[PDB]
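Report on the structure
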Amino acid sequence: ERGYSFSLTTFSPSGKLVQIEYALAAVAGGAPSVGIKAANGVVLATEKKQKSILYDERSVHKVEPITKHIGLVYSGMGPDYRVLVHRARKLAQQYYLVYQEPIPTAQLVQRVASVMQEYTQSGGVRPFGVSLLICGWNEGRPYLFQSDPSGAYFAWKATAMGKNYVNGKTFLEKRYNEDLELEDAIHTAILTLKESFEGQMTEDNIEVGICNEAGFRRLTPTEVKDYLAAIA
Amino acid sequence: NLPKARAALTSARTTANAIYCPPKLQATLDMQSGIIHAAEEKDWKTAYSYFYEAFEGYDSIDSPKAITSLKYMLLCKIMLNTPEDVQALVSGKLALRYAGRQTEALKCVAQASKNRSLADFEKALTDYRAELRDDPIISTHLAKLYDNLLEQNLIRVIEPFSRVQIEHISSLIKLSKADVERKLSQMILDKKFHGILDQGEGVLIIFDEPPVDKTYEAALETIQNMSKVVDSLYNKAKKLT
Amino acid sequence: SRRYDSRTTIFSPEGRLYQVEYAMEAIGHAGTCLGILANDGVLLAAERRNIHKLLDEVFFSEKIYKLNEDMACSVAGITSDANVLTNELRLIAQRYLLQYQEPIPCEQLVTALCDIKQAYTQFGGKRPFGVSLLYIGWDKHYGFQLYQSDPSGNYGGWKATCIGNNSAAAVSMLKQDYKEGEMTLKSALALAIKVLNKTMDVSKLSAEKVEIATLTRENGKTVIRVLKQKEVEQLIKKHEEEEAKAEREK
Amino acid sequence: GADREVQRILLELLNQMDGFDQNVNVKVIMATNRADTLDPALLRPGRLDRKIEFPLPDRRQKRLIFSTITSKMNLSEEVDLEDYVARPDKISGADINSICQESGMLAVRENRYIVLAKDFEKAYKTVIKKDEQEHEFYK
Amino acid sequence: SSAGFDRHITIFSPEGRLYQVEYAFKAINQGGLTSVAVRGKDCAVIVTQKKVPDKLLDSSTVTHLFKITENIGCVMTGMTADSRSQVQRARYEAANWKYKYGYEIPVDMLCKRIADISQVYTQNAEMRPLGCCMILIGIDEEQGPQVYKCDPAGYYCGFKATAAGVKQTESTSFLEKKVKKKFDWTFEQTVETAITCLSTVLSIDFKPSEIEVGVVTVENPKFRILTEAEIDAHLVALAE
């Protein structure tokens, strides 16, 4: 054993499952994306660094909001992100027009991640190493959730994956406790985001998304650097 | 106020691990340990290593703070004159990273450490007087230097010939009876200098016969021989009565 | 190397179930649950896998899932594989309530999902369900019924349950404390506090890391009680008061 | 048995270290490239109570080994110290240790008063490794 | 090191590394083709070449320049067998944008649509990885010229100047200091950057016949391949 074969998922002798576990090892080798649940909104700060200076970040966008009031960021590998993007673009907009109203994001995380569950959990031939940080604003109280390839949805006030996942989670476990001031929570969340980050930080080296209760707003490297580094 | 600075340093000892991350404390705490202890005159080379450990933590901070930071560490290399860490620091990429004006004037100050050369030292003393003002303790740094360089110059003129007249040899050091000749007398107390002077005719005569293998290896054993008999006196007196 | 090949379809070779032996190993991995007999009601317990206080706890009931107004279930296993079974039986219980306009009896209900889980453990080389979820409710015939789902298709449904492999210490406790006709649901609730404080590895019965869900029979509402940590905290001081009272003897 | 006797020699000194403790005096440092073939009595507690695992240099020792290699060379730079911390840093690891000596051993290609910037990079680009890889793996 | 079927399938290694996909990365390198994609201010020039082992080689069919749309061309690398199959696909997916949406595609989404099914080619190993490489260009409204590249690992990619392939690693290294500058580029300057980057990679600088050079500029938005007459004219212009 073995013994579990596949369809929907592989086997382990002891715990979890082998095979796609190796894809889970690639999830930790993905692009780190921090996230923040602060007061009435959800903040998402990702990290994007191009290989050479010949690339302009104005083309490839790591933040692709599915809805006007719901953004998103990815922690993990490549286009398997963009695969669930167009999926959720089809998935979330179908449920939006079924009842004609958005309905609180709790049901959005229920339905949108339900097929994402099956899509990631069921055999895809090659596995999928893209996780997500789910956000939104519902009935005045927003939510910040964290999914994964294994299909376990979490809830965090401040979360991080990719790099710092060992350091930043214990960081936010100590310095951050319960719910704190909105912008003061963004401070310590960026302080641990620059922990393992490179010493060179520029407007194009990172990106910060924010989910307002008035709907999601995707920032740009211009206003990202003009805010603070140190953004608060 | 040194005791107040130690009490301020003691408060930084418990505050370093109190909060989560210093973020930079122990680097400054070791620097503060390289100040109060530098005035305490505990140890030189180790205190110079605290300026090296703090210089490693100085990477990517305010440059006006790092431009005056080399004033303390490179002048510390002037105080020691034998740190043995010269070649390590100054040849690295981190110490040479600063191309600015003031640090280039410190580059030749770090070169003045490899210089010594009193006749040159008395010259650059005025040229570096601008850097002399930023010296935290001006007395302790240059006094131990010039006092150490004294006997460094004294062992050069006394070395070639055994005995030397004290009137001519003191004309090079500019004075005789006030301090200098009393400092040579202190070197005899510290064993660094073996010789005797003459007040009447003014001639310092160097004579030595340190080794004696007949007296020392004998008398010490005879004193031990008394301990061999005294320990046996317990056997003697007890067996008889 | 006869059994070392990946099969999952046909059985093993001396007559023993090939994967079911390994499926019960995954059940004994990070599982927690308990059950006891109670008159005019029933009680269940849950345990939060992550004790980190930064969690939002917005999932409300998580290890306990409510499949019906009069019935609920307690998931022990992989949460990803179980969420498919949640809506599955929920729709099967809904299509039955749609057809007969009558609440689905838990006799055929439990056996329905057990046969649904059995089809995935039978053919097609499909991965078996490594999640064992409980069942609670009330019917017009046998009244209070307790069940436990198993991967092989033969349900572990009894009047008591063991989840997970670590609960084996509580099984010898439940058989010694076995009683009939006395409730007082709090008698078993105070006994369930002794289960978590002793048999379970986590002591002191951390409130935020566990959950207690009870169902009291009410006609015709049948109120399901999510506690959750509210008066469990005073149950901690209640069980510790019993421990402080027990040490007074000796 | 010539090999069987010399591992008794290793086990005899393994006994002599027990005759030292406790305590004064002895010191023994030891290094090996394979820890699987070691006898269980070697690393058993009571004999070696301190095991310091030499960490993989990774990225942290790169700039450290590039600082000591640039301090030994006369500068008189003529070679860019900027690019080497960027483009070769992406292909570094590895590029481990004496592979940097090959960059210095490829400096004999000159034929020039100072080794050209392409000679150091030629050894860093070959390797004769990868792929491609990282951003393509993301892809 | 390998364990199980991971040699024949695209599943990730214990280090989180793909196998069948990582072998297709250098499958383009075995094609022996260098296509550098550089974009100026108002224009973008693609430089490519070909080999003529036998005198019977026809310039028409062996030409590697492929024109997807009147305003949008492309170029491939690596094995040319799979490349033609992706060419007619890009014509079909662009026609769906013409049919359904009514207007010309920005081609930014064409790279996404092609790489999405290219990811399906990367999904199941039974349909083969299809190791052909695609490089795209086009014209978007008030965006000026554009440059795009897609290898058969299945993402959409484009930037100012991006080149990847067999020898394109040595071309992008020289162009970093060469392209900047980074000011308004004349047509003669863009062609000069095509030979100089080729002179660092190759330095053979053979007859302009064998090399194929395209251009996309805004005067008439339609894509046009440079005529052999003007290529030799700009070749003798940069070399005095």
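The deposited coordinates, according to the entry record, derive from cryo-EM at 8.0 Å resolution.

Notes on the overall build of chain A
Assigned secondary structure in chain A consists of 6 helices and 11 strands. Taking 17 Å as the expected radius of gyration for a compact globule of 232 residues, we find that chain A reaches 18 Å, a close match to that expectation. The principal-axis extents of the C-alpha atoms in chain A amount to approximately 55 × 45 × 40 Å. A sequence separation of at least 24 residues applies to 60% of the contacts in chain A between residues at least 6 apart.

Comments concerning the sheet that holds strand β5 (residues 143-148) of chain C
Residues and elements named next belong to chain C. Taken in spatial order, the 4 strands of this open sheet run β2-β3-β4-β5, and their pairing is antiparallel. Looking at the sheet topology across the chains shown, the edges are occupied by β2 (64-65) and β5. Contacts from helix α3 (residues 106-122) reach β4 (132-139) and β5 within the one sheet, and its direction differs from that of β5 by about 10 degrees.

Some remarks on the sheet that holds strand β1 (residues 33-38) of chain A
Residues and elements named next belong to chain A. Spatially, the 5 strands line up as an open sheet ordered β9-β1-β2-β10-β11, and their pairing is antiparallel. Looking at the sheet topology across the chains shown, the edges are occupied by β9 (158-159) and β11 (215-218). Sheet topology places β1 next to β9; 2 bridges connect them, and they run antiparallel. Residue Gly35 lies in a different strand from β9, and its bridge partner there is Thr159. Together, β1 and β2 (41-47) form the strand contacts of helix α5 (residues 182-193), whose direction differs from that of β1 by roughly 160 degrees.

A look at the arrangement of the chains
Taking contact number as the criterion, the leading pair out of 6 pairs of chains in contact is chains A and C. Left apart from each other, chain B and chain E have a closest C-alpha approach of 25 Å.

Remarks on the interface of chain C and chain A
With 26 residues of chain C in contact, the opposing surface of chain A contributes 30 residues. Elements with a minimum of two residues in the side of chain C that touches chain A: α1 (18-27) and α2 (79-100) of chain C. The element best represented in the side of chain C that touches chain A is α1 of chain C, accounting for 5 residues.

Some details on the packing of helix α3 (residues 80-101) of chain E against helix α4 (residues 108-123) of chain E
The description of two helices packed together rests on the angle between their axes and the distance between the axes. Residues and elements named next belong to chain E. Their axes nearest at 10 Å, the elements α3 and α4 cross at an angle of 130 degrees. Classified by the angle their axes make, α3 and α4 are oblique. Considering only the axes of α3 and α4, their crossing is right-handed. Residues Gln86, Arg89, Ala90, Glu93, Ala94 and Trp97 of α3 lie in contact with α4, whose contacting residues are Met109, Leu110, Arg113, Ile114, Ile117, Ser118 and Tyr121.

Considerations on the nonpolar core
Counting 25 residues, the largest nonpolar core has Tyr81, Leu84, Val130 and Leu132 of chain A as the members making the most contacts within it. Mapped by element, the contributors of at least two residues to this core are α1 (20-27), β3 (72-76), α2 (80-98), α3 (105-121) and β4 (130-134) of chain A. Setting aside its immediate chain neighbours within four residues, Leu84 of chain A contacts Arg89, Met116, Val130 and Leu132 of chain A. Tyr48, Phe55, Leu74 and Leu106 of chain B belong to the second largest nonpolar core, which has 24 residues in total.

Quick notes on the side chain of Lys37 of chain A
Residues and elements named next belong to chain A. Checked against the element boundaries, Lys37 lands in strand β1. Buried charge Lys37 goes without a salt bridge, the closest partner of opposite sign being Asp179 at 4.7 Å. At 2.9 Å, the side chain of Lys37 forms a polar contact with the backbone oxygen of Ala39. When residues no more than four places from it in sequence are discounted, the contact partners of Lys37 are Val42, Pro142, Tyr143, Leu144, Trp156 and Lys157.

Parameters and conventions
Residues numbered from 1 in each chain as written, not as in the entry; some residues may be left out. Chains lettered and ligands numbered in written order. Part of a larger assembly, values for the part shown. Heavy atoms only, no water. Residues with missing side-chain atoms left out of burial classes, pairs and counts. Helix = DSSP H or I, 4+ residues; strand = E, 2+ residues; numbered from the N terminus. Rg over C-alpha atoms; globule rule 2.2 N^0.38 Å. Contact = heavy atoms within 4.5 Å. Pairing = 2+ DSSP bridges. Axes fitted to C-alpha atoms, helices over the stretch in contact; angles between N-to-C directions. Parallel < 35°, antiparallel > 145°, perpendicular 65-115°, else oblique. Left-handed = near helix turned anticlockwise from the far one by under 90°. Core = buried A, V, L, I, M, F, W, Y, C linked by side-chain atoms within 4.5 Å. Buried < 20%, exposed > 50% of the residue type's maximum accessible area, 1.4 Å probe, protein only. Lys, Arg positive; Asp, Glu negative; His and termini not counted. Salt bridge = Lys/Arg side-chain N within 4 Å of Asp/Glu carboxyl O. Polar contact = N/O pair within 3.5 Å; in protein donor to acceptor, adjacent residues only side chain to side chain.

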